[PDB]
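A short worksheet on the structure shown next.
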Amino acid sequence: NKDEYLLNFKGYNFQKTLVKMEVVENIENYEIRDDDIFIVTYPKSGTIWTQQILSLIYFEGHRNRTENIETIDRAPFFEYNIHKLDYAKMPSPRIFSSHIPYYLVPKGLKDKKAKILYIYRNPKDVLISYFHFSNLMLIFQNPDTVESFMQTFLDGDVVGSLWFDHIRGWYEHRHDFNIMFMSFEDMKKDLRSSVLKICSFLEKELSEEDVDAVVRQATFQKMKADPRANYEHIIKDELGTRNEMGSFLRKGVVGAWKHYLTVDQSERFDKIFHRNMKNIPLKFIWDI
Ligand SMILES: Nc1ncnc2c1ncn2[C@@H]1O[C@H](COP(=O)(O)O)[C@@H](OP(=O)(O)O)[C@H]1O
Ligand SMILES: Nc1cccc2ccccc12
């Protein structure tokens, strides 16, 4: 029942229907250009939000609305090329999106010239967002309850494997990469400062009004209304939805998990989280 959803490779779970083992086996020797940009996330942590943000920053047609092209074609998923784009002929600087773990990266990323932006989010909101997204999307197995999906999640039996392993392998191996770390919650709290830090790390210059436009079009409620970024057509017509009521930009709030997890589930999660993360000095926000 569960083999047809996950493709395991070196202890990591790819989405089986979207990638083939040929491309996975080819990832190690993939040509990396010295100005490539990689958005690396664990699923449901702000991937397409960051796609939108980087598209607004790097493609002035998208920012000025002279071009009307979906953000997935600006920063396509490195391992999920659902639009069948020839990544080799895409113009530099290429932007890619990916959920792969540190040890599955193309060795060209270890030359530390291509840049990596790692976006993370508190794992309880990640859990609940993944729960709803799996209920909605056909490419994922349909979970029954919150308790059962939490078990499935802490077991790593989802696309992206175990959240703790993902974030740990990326952080505990910072120095193999030219990489920055930023949190969904920080982007939620100060969008403008986060955009500025992204531009600094990517050493991309922007005028002040351009940054105003980036913040304006990357805000949740405005981006949900932007069909170039809200992924509505992609999930309805290409990837397929079980119902037709849910959306990729569901709520986008921090702290919503408190309405789904009982105190017992939360405390068990906290024990696992402390065991896995007590040494990692990343700031974590859990509410508002
Ligand atoms: N501009 C934006 N601003 C704030 N939150 C956003 C956002 N775009 C997406 N989000 C939220 O990012 C989550 C999906 O992230 P990803 O792209 O990694 O799959 C969703 O969380 P929620 O399910 O809590 O709403 C989505 O609502
Ligand atoms: N975040 C994601 C993980 C795996 C597959 C996806 C497909 C489409 C959009 C987003 C995806």
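Letters A, B, ... go to the chains of the structure tokens in the order shown; residues in each chain start at 1; ligands are counted from 1 in the same order.
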
- prompt: Could you name the residues that touch residue 136 in chain A at 6 Å or less, counting only C-alpha atoms, but leaving out those on the same chain fewer than 2 positions away, as a PyMOL selection string?
  reply: chain A and resi 133-134+241-242

- request: Find the residues around residue 12 in chain A up to 10 Å (only C-alpha atoms counted), leave out those fewer than 5 positions away in its own chain, and share them as number ranges by chain.
  value: A: 6-7, 100-101, 103-104, 156-162, 165-166

Same residues, C-alpha atoms, output as a JSON list (two decimals), in the first residue's frame:
[["chain", "number", "residue", "atom", "x", "y", "z"],
["A", 6, "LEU", "CA", 7.81, 6.42, -1.67],
["A", 7, "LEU", "CA", 11.02, 5.66, -3.57],
["A", 100, "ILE", "CA", 17.31, 16.32, -0.70],
["A", 101, "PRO", "CA", 19.50, 15.74, 2.38],
["A", 103, "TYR", "CA", 24.57, 13.55, 1.72],
["A", 104, "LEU", "CA", 22.64, 13.29, -1.56],
["A", 156, "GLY", "CA", 10.16, 9.25, 8.60],
["A", 157, "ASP", "CA", 7.72, 7.32, 6.38],
["A", 158, "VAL", "CA", 6.95, 10.42, 4.29],
["A", 159, "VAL", "CA", 8.52, 12.16, 1.33],
["A", 160, "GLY", "CA", 11.64, 13.79, 2.75],
["A", 161, "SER", "CA", 12.18, 11.14, 5.50],
["A", 162, "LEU", "CA", 12.68, 12.21, 9.11],
["A", 165, "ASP", "CA", 17.73, 13.84, 10.14],
["A", 166, "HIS", "CA", 17.17, 16.39, 7.34]]

query: What's the 12 Å shell around residue 49 in chain A, counting only C-alpha atoms, without same-chain residues fewer than 2 positions away, as a PyMOL selection string?
result: chain A and resi 39+41+43-47+51-56+71-72+75+97+119-120+183-184+187-188+191+195+214-215+217-224+226+228-231+248-249+252

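If you count only C-alpha atoms and ignore residues fewer than 5 places along the chain from residue 3 in chain A, what sits within 12 Å of it is residues 8, 13, 14, 15, 16, 17, 140, 141, 157, 158 and 159 of chain A.
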
Requested write-out: C-alpha atoms of the selected residues, as a PDB file, in the first residue's frame:
ATOM      1  CA  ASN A   8      13.849   4.900  -1.172  1.00  0.00           C
ATOM      2  CA  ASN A  13      12.332   8.946   0.584  1.00  0.00           C
ATOM      3  CA  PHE A  14      11.657  10.547  -2.797  1.00  0.00           C
ATOM      4  CA  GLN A  15       8.167  10.955  -4.203  1.00  0.00           C
ATOM      5  CA  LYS A  16       7.918   7.904  -6.442  1.00  0.00           C
ATOM      6  CA  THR A  17       5.537   9.214  -9.103  1.00  0.00           C
ATOM      7  CA  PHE A 140       0.879  11.540  -1.023  1.00  0.00           C
ATOM      8  CA  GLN A 141      -0.716   8.751   0.979  1.00  0.00           C
ATOM      9  CA  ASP A 157       7.723   7.318   6.382  1.00  0.00           C
ATOM     10  CA  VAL A 158       6.949  10.421   4.290  1.00  0.00           C
ATOM     11  CA  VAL A 159       8.520  12.163   1.325  1.00  0.00           C
TER      12      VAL A 159
END

message: What's around range 80-86 of chain A at 7 Å? Count only C-alpha atoms, leave out sequence neighbours fewer than 4 positions away in its own chain, and write the answer as a ChimeraX atom specification.
response: /A:18-19,76,90

- request: List every residue of range 16-175 of chain A that DSSP, applied to the backbone of this structure, assigns to alpha helix (DSSP H), and report them as JSON, numbers by chain.
  value: {"A": [21, 22, 23, 24, 25, 47, 48, 49, 50, 51, 52, 53, 54, 55, 56, 57, 58, 60, 61, 62, 63, 64, 123, 124, 125, 126, 127, 128, 129, 130, 131, 132, 133, 134, 135, 136, 146, 147, 148, 149, 150, 151, 152, 153, 154, 163, 164, 165, 166, 167, 168, 169, 170, 171]}

message: Calculated over only C-alpha atoms and all ligand atoms, which of the candidates A:117, A:32, A:88, A:48 has the smallest distance to ligand 2?
response: A:48

task: Enumerate, as a list in words, the complete set of residues in range 9-202 of chain A that a backbone-based DSSP assignment places in strand (DSSP E).
output: residues 9, 12, 13, 14, 15, 37, 38, 39, 40, 41, 95, 96, 97, 98, 115, 116, 117, 118, 119, 120, 178, 179, 180, 181, 182 and 183 of chain A

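Between residue 27 in chain A and the candidates A:255, A:11, A:106, A:91, the tightest atom-to-atom separation, counting only C-alpha atoms, involves A:106.
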